[PDB]
Amino acid sequence: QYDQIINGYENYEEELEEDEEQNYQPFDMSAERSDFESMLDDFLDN
Amino acid sequence: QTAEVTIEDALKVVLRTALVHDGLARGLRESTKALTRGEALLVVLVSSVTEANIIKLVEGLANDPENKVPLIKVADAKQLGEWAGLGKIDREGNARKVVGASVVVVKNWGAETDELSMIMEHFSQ
Amino acid sequence: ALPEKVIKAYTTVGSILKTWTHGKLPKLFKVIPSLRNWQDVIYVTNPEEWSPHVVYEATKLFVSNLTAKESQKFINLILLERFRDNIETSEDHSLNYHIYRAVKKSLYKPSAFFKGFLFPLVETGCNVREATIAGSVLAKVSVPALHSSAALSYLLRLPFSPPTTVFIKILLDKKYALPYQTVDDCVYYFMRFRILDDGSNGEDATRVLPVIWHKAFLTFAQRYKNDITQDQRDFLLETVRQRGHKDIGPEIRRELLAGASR
Amino acid sequence: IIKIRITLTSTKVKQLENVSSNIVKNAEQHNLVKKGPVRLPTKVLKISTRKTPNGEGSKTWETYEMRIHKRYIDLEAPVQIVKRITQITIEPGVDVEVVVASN
Amino acid sequence: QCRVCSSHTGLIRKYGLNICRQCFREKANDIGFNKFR
Ligand SMILES: [Zn+2]
């Protein structure tokens, strides 16, 4: 309740680096929501 | 199944340490829609709730659970609201009284990962 | 590299958002919180020259629609940098009101606000004006007790500066129920300014502490006198009898002697 | 074998003259073909300013002035010689520009 | 506008510089504008 929250505060740079090493992905079109390209077509048609 | 005093007290410690992770879903329609989305990594039930129709909707899913529906019983509703941080906040010097809750859903585990792991490995027997 | 359809569409909505003042947000701008990869999308939208209105509305959407790590990445990459730019490029060194509302609303999620905004700011050039503005913002927004506790506990382990003392004011005036380890860390922060005669001293032992630190000592000794031990009470009495103030110090020792041990 | 046109712009004439004399005496001493320092006319940049920041008295005027000088020397040299002269010749007050093409 | 003293009056807009004249008259020598004639 305290030791879990001060390691992500006093070492927030190192935890940010660990979260960026564990959870970084490239841009994939199909791995988004399936109706994202539909709204992409709806906005550009105004 | 049969619930022990140690399991319920340990689960209340899990709720007191999982409220502070902002991973507790406390509310009956919140519990129903957390069971609907599959985000309910634990639903906690109180066996001393006066109304029982919503309990019988829950107990229709308790005798035949799914693969992602864990359920567990405790004794009191006001004690569940106490250890969910809603009902009473009693520390060494402070007190504040709210009406306690019936069902509390653990969404994020946090500092009680191994605690919830052995609780889920104890309920399955 | 990004596909050119995404590039021209988000360049187009970036060209839209330069003069936004009112109304609804664009549809392609409101689906970036629903995207698995937000960061490549928002870079094409030219993040530096946003209007203040879309800074505040993007703060609203990208706090109320995200997770904690997603919002701290958003605030550290976007809102902290535009906060710094809108202070040091402002001509009276002021802050715009919509930017003030953005930095106010971004503490609705407190942990993301702290670890994306406050904690890089105090280590990358926190001057008087930035910290006065941020201490006012932290004074306004109501926070939960544990995030105030943990952000205060980071502020205690920081090296000394009067801007850090101003942040220590704002997080010590909340009168929240801190854990006893947070009070212990406050005690350990109040150990590093006293003078050790055994041959172990630093810059903070003999430096000049202003009125702001003695008001902080008054605040901590009046709220959390009942959450310390007797050894910590005697060490704080040593801190009082070494570097007490003319007008605050007698009050601090008479309220520290009126506390009960845990 | 590459032809390099070096153009020097400076507001001060003493440092520009020292740079141009050093360039000429360094180019002649190790047998490169070159042209002389071609001397463009000095640009005079003038702006008008009021004598009255405050609204008292009649309106009269003054002028602020600048002087900008431009030289350019054409060289023929290999790549390493051009790189070492471009590394050496960087001085405050004189701007050195290197042109590769001749079109 | 003038990024020295919040001046919304007396601007000169030449060369993308937007300093007011009352701040240009003391910062001209640091920029490079010196009084010659
Ligand atoms: Zn000015």
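Nothing in this text is a laboratory measurement; each read-out follows from the coordinates by a stated rule. Cβ sites come from the backbone with ideal geometry, for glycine too, and all protein chains shown count toward neighbours.
Treat each spin label as a single point 7 Å out from the Cα along the C-beta direction, and report the D:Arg84 to C:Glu203 distance in nm.
Label-label distance for D:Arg84 and C:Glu203, simple model: 4.6 nm.
Would you be so kind as to identify which of C:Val31, C:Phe117, D:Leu75 lies farthest towards the positive end of the dipole of the protein assembly as shown, taking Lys and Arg as +1 and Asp and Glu as -1 on Cβ and the Cα centre as origin?
Of the candidates, D:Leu75 comes out farthest on the positive side.
Which residues in the range C:50-68 have a backbone N closer than 18 Å to a point placed 7 Å from the Cα of C:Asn96 along the Cα-to-Cβ line?
Backbone N within reach: C:50-62.
Charges only on Cβ, +1 for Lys and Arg, -1 for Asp and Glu: so what's the dipole of the range D:1-91 about the Cα centre, in debye to the nearest 20?
Working: 18 positive and 8 negative charges, 32 e Å.
That gives the range D:1-91 a dipole magnitude of about 160 debye.
Helix D:79-88 versus the longest principal axis of chain D: what angle, 0 to 90°, nearest 10, using Cα atoms?
Taking the Cα atoms of chain D, the angle to D:79-88 is about 40 degrees.
Which loop-located trypsin sites (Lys or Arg not before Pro) does the range C:34-139 contain, where loop means any DSSP state but H, G, I, E or B and the Cβ has at most 11 other Cβ atoms within 10 Å?
Working: sites: C:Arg36, C:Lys60, C:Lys69, C:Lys73, C:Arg82, C:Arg84, C:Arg101, C:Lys104, C:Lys105, C:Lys115, C:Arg129; in loops: C:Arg36.
Passing both the DSSP loop test and the Cβ count: C:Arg36.
I need B:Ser117, C:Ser71 ordered by Cβ neighbour count within 10 Å, fewest first.
Working: B:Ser117 11, C:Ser71 25.
Ranked by crowding around the Cβ, least crowded first: B:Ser117, C:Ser71.
Run through chain E and list the chymotrypsin sites (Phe, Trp or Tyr not before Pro) located in a DSSP loop whose Cβ has at most 15 other Cβ atoms within 10 Å.
Details: sites: E:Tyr15, E:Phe24, E:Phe33, E:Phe36; in loops: E:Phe33, E:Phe36.
Qualifying residues, ordered by number: E:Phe36.
For the cross-link pairs B:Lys97/C:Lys105; B:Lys97/C:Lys60; C:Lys69/C:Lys104, which exceed 22 Å when the distance is taken from alpha carbon to alpha carbon?
Those over the limit are B:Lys97/C:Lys105; B:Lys97/C:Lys60.
With respect to the cross-link table entries B:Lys73/C:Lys73; B:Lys78/C:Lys109; C:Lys5/D:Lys83; D:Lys70/E:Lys14; B:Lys107/C:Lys169, which display a Cα-Cα separation exceeding 31 Å?
On the way: B:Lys73/C:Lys73 39 Å; B:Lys78/C:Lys109 29 Å; C:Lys5/D:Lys83 42 Å; D:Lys70/E:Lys14 23 Å; B:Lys107/C:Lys169 35 Å.
In this structure, B:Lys73/C:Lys73; C:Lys5/D:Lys83; B:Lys107/C:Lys169 exceed 31 Å between Cα atoms.
Using the count of nearby Cβ atoms within 10 Å as a rough guide to exposure, how do A:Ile5, D:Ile90, C:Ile16 rank from fewest to most?
Working: A:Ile5 20, D:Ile90 10, C:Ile16 14.
Fewest-to-most ranking of A:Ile5, D:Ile90, C:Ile16: D:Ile90, C:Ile16, A:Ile5.
Fewest first, what order do D:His69, C:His147 take by the number of other Cβ atoms within 10 Å? Display every interim value, and only then the final one.
Details: D:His69 18, C:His147 23.
In increasing order of surrounding Cβ atoms, one gets D:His69, C:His147.
Please give the residues of the range B:5-49, grouped as numeric ranges, whose backbone N is less than 13 Å from a label point set 7 Å along the Cα-to-Cβ vector of A:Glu15.
So the set is B:21-22.
On a C-alpha basis, how far is the centre of the range D:21-80 from the centre of chain E in Å? Whole number, if you could?
23 Å
Average partner chain C-beta neighbours within 10 Å, per residue of D:63-69?
Values: counts 3, 8, 5, 4, 2, 0, 0.
Shielding by partners across D:63-69 averages 3.
Hey, got the dipole for the protein assembly as shown? About the Cα centre, +1 on K and R Cβ, -1 on D and E Cβ, debye to the nearest 20? Don't skip to the end; give the middle numbers.
Values: 78 positive and 74 negative charges, 809 e Å.
Here the protein assembly as shown has a charge dipole of around 3880 debye.
Once the other residues with Cβ under 10 Å from the Cβ of C:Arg82 are scored (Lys, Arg +1; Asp, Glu -1), what is the net sum? Write out the running numbers ahead of the final one.
Numbers: positive: C:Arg84; negative: C:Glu48, C:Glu49, C:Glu81, C:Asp85.
Its environment carries a net charge of -3.
Might you list the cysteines of the protein assembly as shown that have no disulfide-compatible partner by the rule of another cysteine's Cβ under 4.7 Å?
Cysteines lacking a close Cβ partner in the protein assembly as shown: C:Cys126, C:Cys186, E:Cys5, E:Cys23.
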